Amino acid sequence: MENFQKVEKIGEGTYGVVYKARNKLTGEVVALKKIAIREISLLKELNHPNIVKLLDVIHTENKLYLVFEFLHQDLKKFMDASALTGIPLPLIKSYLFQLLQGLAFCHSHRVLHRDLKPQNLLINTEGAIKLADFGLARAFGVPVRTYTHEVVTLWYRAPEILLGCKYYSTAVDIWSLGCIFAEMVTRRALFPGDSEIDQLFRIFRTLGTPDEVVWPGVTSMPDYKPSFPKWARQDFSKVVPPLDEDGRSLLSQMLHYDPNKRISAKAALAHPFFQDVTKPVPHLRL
């Protein structure tokens, strides 16, 4: 649209191209997504420090542009830049702290993300990290292949979604974040599934195959089969070295199979892992 000179293609998303753009009324650099209206108009109203601010919604000539605040880098790029040294733990801890603050905010207005991953986690030079694309998956889709036929990752999907629950809760977000948490620590994807049954089975081999004892009602889920192989749970000390006892208790609590048992975001901010949070500035050049 006309009020915006786009100055860069930032990237192909799930729903559209994103451009860095110079709003020439306000003069402000801004991120322009080219893509329900009741829904995405609702989002304009939920602003948190750790949620990427939806500035405007432009439905002109029956198209959809969403104008957001601009952040300089995403988490996935930053994990790749920090591959040989790893992200320092005080940084990992503070980023997790902030994310749970943002999750705790949306979850109380009953907005889920439900497609979290390193790629829609965005960071600035200050030491802040924000959550991007919140509320959109509800508004349209979360599809299997994007608009450019890229396969949407299954790596972070909560197992009740994989097992065919259609009434996900906010717990599916705490699941994903446990997966991103573990990955920030090991420098290696927790559950790197390449199909839905590979994803299911990758979870099972590590956490153990779920039954009626740990997960009440799993065996009557839509896509549960009695023929699932029965694997044994692994020790978290083998799964996420060198994470400490506090981190691992937290991580297993976010990775609980039963969604009712899985730790809430508000409760995670009170876990002893976060007793010593600081806010460090990260090493990042632009």
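Numbering starts at 1 and runs along the sequence shown.
In this entry, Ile35 is separated from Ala36 by 10 or more residues of the deposited sequence that have no coordinates. Comparing 242-250 with 23-31, the higher mean C-alpha B-factor in the PDB entry belongs to 23-31.
The stretch 83-91 shows the higher mean C-alpha B-factor when 128-136 is compared against 83-91 in the entry.
Comparing the listed residues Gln101, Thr206, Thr148, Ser169, the entry records the largest Cα B-factor for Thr148. The residue among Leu255, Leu42, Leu54, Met221 whose C-alpha carries the highest B-factor in the deposited model is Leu42.
The deposited CA B-factor of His48 belongs to the lowest third of values across its chain.
When the modelled residues of the chain are ordered by C-alpha B-factor, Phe236 sits in the highest third. Placement of the Cα temperature factor of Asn260 within the chain: lowest third of the modelled residues, per the deposited record. Among all modelled residues in its chain, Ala267 ranks in the middle third by Cα B-factor.
The PDB entry assigns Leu112 a C-alpha temperature factor belonging to the middle third of its chain's modelled residues.
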